[PDB]
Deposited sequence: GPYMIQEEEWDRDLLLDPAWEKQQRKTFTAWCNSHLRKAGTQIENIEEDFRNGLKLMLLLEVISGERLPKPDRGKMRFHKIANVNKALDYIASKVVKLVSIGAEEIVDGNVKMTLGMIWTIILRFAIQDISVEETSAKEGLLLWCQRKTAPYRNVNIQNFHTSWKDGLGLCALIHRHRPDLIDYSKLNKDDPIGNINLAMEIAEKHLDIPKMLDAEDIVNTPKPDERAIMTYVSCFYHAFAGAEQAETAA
């Protein structure tokens, strides 16, 4: 049930990490993409392609037309109705944004003949190989104690963190410490809530994949 809250936080932070490059931000993902304008902008920033010109009209049919420019573009890149987005359907909006994250942050990742989600997982497993207290098997329970994230940072930037000093006792601090370092030194905004991750039996993998993908791109 806490999945919506986790996706809202993380997907909003991810969107904002890109929209800032176009001079704007969103705040409330359940309403701020209704008119399609910032959704089109997001797609342009992350794809590097131009979309058709937006319609700044205020009525429903103007919004449908903008949202279609976005959905039709997405459909051209990936192997839902505009009304769902224009009507502020929360589940469908989060689903649409996951589609975008998966396509533009994750799909093109390729490591050892392994692509997309599976490729990002293999990369994480390769980079955390040296750490005996880490066992990445998935994008949920494997990341709960914060050591995985800390290890990703240490593997590339041992100047930024003393990994030996860490252990499983303080998962909340482990997660926050990684996020603080990433924000301060890797230009990666904080996209998770440490409390939610630790206190949920199975954290939301879409949220975790989103954040972890930012580390992949920072270090590539």
So which bits of the deposited sequence did not make it into the model? 1-17, 97-100, 242-250
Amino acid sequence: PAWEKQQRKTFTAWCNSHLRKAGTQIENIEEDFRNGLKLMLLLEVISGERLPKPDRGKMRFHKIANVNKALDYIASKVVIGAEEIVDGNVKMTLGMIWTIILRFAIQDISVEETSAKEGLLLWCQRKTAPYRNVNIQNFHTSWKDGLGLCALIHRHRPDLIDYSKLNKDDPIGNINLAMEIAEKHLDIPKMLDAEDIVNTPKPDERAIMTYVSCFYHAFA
From here on, numbers count along this sequence of modelled residues.
Comparing 6-14 with 200-208, which stretch shows the greater average C-alpha B-factor in the deposited entry? 200-208
Quick one: higher average CA temperature factor, 110-118 or 125-133? 125-133
Among 36, 52, 173, 48, highest Cα B-factor in the entry goes to 173
Test of reading the entry: by CA B factor among the chain's modelled residues, which third contains residue 59? middle
Compare the C-alpha B factor of residue 191 with those of the other modelled residues in its chain, then answer lowest, middle or highest third. middle
Tertile call for residue 95 (CA temperature factor, within chain, third-based) is the lowest
Comparing against every modelled residue in the chain, figure out the third that the C-alpha B-factor of residue 80 lands in (lowest, middle or highest). highest
Tell me, lowest, middle or highest third: where does the Cα B factor of residue 145 rank within its chain? highest
